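Here's the structure, in C-alpha cells; my notes come after.
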Amino acid sequence: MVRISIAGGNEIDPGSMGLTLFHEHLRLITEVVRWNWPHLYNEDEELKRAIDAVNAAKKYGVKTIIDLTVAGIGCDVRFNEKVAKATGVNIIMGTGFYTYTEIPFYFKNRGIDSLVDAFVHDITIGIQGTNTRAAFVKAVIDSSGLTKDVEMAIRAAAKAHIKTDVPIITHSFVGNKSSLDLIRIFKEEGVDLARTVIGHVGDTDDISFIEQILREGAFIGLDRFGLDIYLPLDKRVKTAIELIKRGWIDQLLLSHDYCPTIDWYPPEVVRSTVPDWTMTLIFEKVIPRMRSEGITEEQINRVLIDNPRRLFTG
Amino acid sequence: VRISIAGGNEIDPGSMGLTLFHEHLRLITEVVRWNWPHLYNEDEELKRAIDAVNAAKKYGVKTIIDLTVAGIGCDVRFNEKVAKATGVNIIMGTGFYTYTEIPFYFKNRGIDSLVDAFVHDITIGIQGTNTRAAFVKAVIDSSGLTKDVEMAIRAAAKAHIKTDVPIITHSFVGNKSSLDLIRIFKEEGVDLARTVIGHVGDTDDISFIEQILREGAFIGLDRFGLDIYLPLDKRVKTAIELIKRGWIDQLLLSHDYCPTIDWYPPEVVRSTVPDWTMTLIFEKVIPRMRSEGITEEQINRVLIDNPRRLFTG
Ligand SMILES: CCCCCCCC(=O)CC(=O)N[C@H]1CCOC1=O
Ligand SMILES: CCCCCCCC(=O)CC(=O)N[C@H]1CCOC1=O
Ligand SMILES: [Co+2]
Ligand SMILES: [Co+2]
Ligand SMILES: [Co+2]
Ligand SMILES: [Co+2]
C-alpha cells in the first residue's frame, strides 16, 4: 500500500526495493556554477560515469539506489531517468535543501512555510515539472553547526515529514556533535525518530557517541565506506561488526555516498585522495570481512534489504 | 573597442548612445529556479522585461547594461529574446555575486579557476554562446570583507588586468565596504578610472562620497526609485550638488530596476517601492535637475559620455 515513486514516474512498493544502497549519488554538481559556466562540464561523460557506477553495483545484486542529491548539490530528474533507463536499477529521489550555512533570500524573505511548501510539492505533485515524486526529505548540518538558516531548513524538513509521512534521511558532521541537534529539533517537531536516518555516523569509531544516537531510536548511516579521509576502512568495518554484535542491527544502514561526478574537487584530486571510493566497495571488501568475523548472510540481508524497506514502510 | 551585445552582434562605444549603465532584465536565484520551476513563469518574466525595456526605449534609451551575473540568474538566451523583441542593445558581463561565500568548486581550486572562468566569458563567450562579457562585476555588502568575498573581488580585478574590460561593482555604504573595493583594486594595480564603485547613491553623505571620488573612480548613483535605500529627493539633491562641486565626469545614473526579482514576493515589492521603474530618471530626476540649473549638455555628459568612457577609458 505504500507507493514509492522512482526515477521515471513509475512506482514500486517497499517490498520490491530488494537489495538497496540507501545513500549514493549519480551526479553531484553545483547549480550556480553549471548554470553560468557549462564549459566546465561534460554531460556525456557524467552520464557514462553514473551508468558505469550503477551497472557495477547492479552486478553485485543491487536492485535499488536512493539518490541523496537534492537542491544545492545539483538534483536533476531528467538526468536520473537516463541513468535508470540505461541500467534498469530503481532510482529513488528526494527533496530538501542542502546547505551548511545559508539558505536563499528567496525562502528567508518568505518564511519557513515557503520552504515546507516547496518540499511538499515535490513529495505530492512531482519534482522539476515531472511525475517523479520525492519519496524522502533531506536535512543537513555540518561543521558550521546550527546556524539560523540551517535550523530553518531542518525544521522545514521535519514539518514536511509530519505532513506527508516520507522518511527523513540526513547529513550530519560528527566532529561537533551536530548529529544531536538533528535529534533535538526532530523531537521538538514531533517526529518519530524511527522514521529518520542520522547520517554520516560511520565517520567515527567512537562507539559510546554512536550509542547515544542509537538509544534515541533512529537509524544511523554507516554511509561513507571508501572515504578514508573521514574514517579509514578498517575502523568502519570494525565499527559495523561491533554494533551488530552488540544487538543494534535493526538500526544500521550501509552505503558508500559515492559520487560518479562531484564538482567540488578536480577529479585528479579525488583519485589521489580516496582511490578506493566506488559504488561497490561494500560488496568487494566490507561484506567478506564481516562474514569472516562471524556476521551471517541473514544479518547482511537484514541490513541491506530489510532496514531500507522499513525506513519507507515503518 | 568592440562590445558584444546580447545576440553576439558587436557595437563600438560610440554607438551606445543614451545608456542605462545598471539595470536588470530578470534577477532570479539559480538554485531555486533549477529545483522548483513551479515557482516561476517564464512567459510572464519575459513580458515584464520587454515592457520595462520598451518603456526606457520611449525615452530614448539605446543601450542597457544588464548587471545580472552568476548568483543572480544571468541567462544569455533570455536576454537575446528581450533584445530581439525591443531593438535595445543589451550589454552583459561576468563575475560572481555573493555577499559571503563562494562555491566549493572555486574555493577548492583557488583564485585562478574563478579568474579563468571570467576570462572565458570575456574572451570566448557566455554560456556556450558568442555573446562575450564586456565588463566584470565585483560585490561586497553588509557582511564586509569575508575571505570568499575578498577572493571574488580580487578575481574580478585580475580578470580586468588580463582583458581591460571595465569593473562595475556592488557595494553597501552603511559599513564603508565601498572603500575595501578601492583598497583591493589598488593592491591589484587596477586603474580606478576603469571602475565604478556601486550603490554610492544610497547615501547623501558628501564627505564619504568625496573620499571615493578623489580616488578617481566613477560612482554609481544607481538606485533611483529605491526609497528604502534613500529617498528620491535626497538622491536628486546629492546628484545636483556633486555636479556643482565639479564631479560630473565621475557620475553614473541608473535605477537598478528588476522587472523580476525572486528575492521577494512581487506584491511586497509593489507595496514597498511602488515608484521603482526603469524610467523614473526621465520622468522625475532629469526634470528636477534641469529646474535647478543643470544643463542639457550636462545631462548628456552623464548619460551618454560617461558610460561610453567607461568602455573606452
Ligand atoms: C580532497 C578531497 C577528496 C575528495 C573526497 C570526496 C569528498 C566527498 O565527496 C564527501 C561528500 O560526498 N560530501 C557531500 C557530497 C555527498 O553528499 C555530501 O554530503
Ligand atoms: C522589502 C522589499 C524590498 C523591495 C525592493 C528590493 C529591491 C532590491 O533588491 C534592490 C536590488 O535589486 N538589489 C540587488 C539586486 C539588483 O542588484 C542587487 O544587488
Ligand atoms: Co552528506
Ligand atoms: Co551524500
Ligand atoms: Co547591486
Ligand atoms: Co543591480
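Below, chains carry the letters A, B, ... as their sequence lines are ordered, and counting in each starts from 1. Every number for a ligand or one of its atoms is a count from 1 in the order of the listing. Side-chain atoms are counted along with the backbone in the values below, which use heavy atoms only and exclude waters and symmetry mates.
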Using a strict 4.0 Å cut-off to heavy atoms of [X], name the atoms of ligand 2 that fall inside it.
| X | result |
| --- | --- |
| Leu226(B) | 7 (C), 10 (C) |
| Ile261(B) | 8 (C), 9 (O), 12 (O) |
| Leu27(B) | 15 (C), 16 (C) |
| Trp276(B) | 7 (C) |

Residue selection (non-hydrogen contact nearest atom 17 (O) of ligand 2) among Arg270(B), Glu23(B), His24(B):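 Ranked by closest heavy atom to atom 17 (O) of ligand 2, first place is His24(B).
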Residue pair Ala157(A) / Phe119(A): nearest heavy atoms and the distance that separates them: N-CE1, 3.8 Å
Closest heavy-atom pair and its distance - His256(A), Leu281(A):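 Closest approach of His256(A) to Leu281(A), heavy atoms only: NE2-N, 3.2 Å.
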Flag side-chain contact, heavy atom, 4.5 Å: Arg195(A) against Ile168(A):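 No, every pair of side-chain atoms sits at 4.5 Å or beyond.
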Non-hydrogen side-chain atoms of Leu311(A) and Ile169(A) separated by less than 4.5 Å: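 A side-chain contact under 4.5 Å exists here.
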Which residue and atom name correspond to the protein heavy atom nearest [atom], and how close is it?
| atom | result |
| --- | --- |
| atom 1 (C) of ligand 2 | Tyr264(B) CE2, 3.8 Å |
| atom 18 (C) of ligand 2 | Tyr97(B) OH, 3.1 Å |
| atom 5 (C) of ligand 2 | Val273(B) CG2, 3.8 Å |

Donor on one side chain, acceptor on other, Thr146(B) and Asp148(B), under 3.5 Å: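 Side-chain D/A pair, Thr146(B) to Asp148(B): absent.
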Test item: side-chain donor near acceptor, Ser255(A) and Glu24(A), under 3.5 Å: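 Yes - a donor-acceptor pair under 3.5 Å links their side chains.
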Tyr98(A) and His171(A) aromatic ring geometry - parallel, tilted or perpendicular at 30°/60° bounds: perpendicular
Whether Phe107(A) and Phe97(A) hold their rings parallel, tilted or perpendicular, with breakpoints at 30° and 60°: perpendicular
Any N or O of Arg223(B) closer than 3.5 Å to N or O of ligand 2: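 Right, the criterion is met.
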Polar contact flag for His170(B) and ligand 2 (N/O pairs, less than 3.5 Å):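 It does: an N or O of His170(B) is found under 3.5 Å from an N or O of ligand 2.
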Side chain to side chain contact (heavy atoms under 4.5 Å, CB included) partner of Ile219(B), chosen from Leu252(B), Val200(B), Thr169(B), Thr195(B):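 Per the side chain to side chain contact (heavy atoms under 4.5 Å, CB included) rule, the option paired with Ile219(B) is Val200(B), out of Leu252(B), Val200(B), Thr169(B), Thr195(B).
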Heteroatom N/O/S of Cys258(B) within less than 2.8 Å of the Co ion (ligand 6): no
Part of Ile72(B) with heavy atoms under 4.0 Å of ligand 2, whether side chain, backbone, both or neither: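 No part of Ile72(B) comes within reach of ligand 2.
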Metal-centred angle, the Co ion (ligand 6) as apex - NE2 of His24(B), OD1 of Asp256(B), 10° resolution: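 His24(B) NE2 and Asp256(B) OD1 form an angle of 90° at the Co ion (ligand 6).
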Atom name of the N, O or S atom in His171(A) that lies nearest to the Co ion (ligand 3): ND1
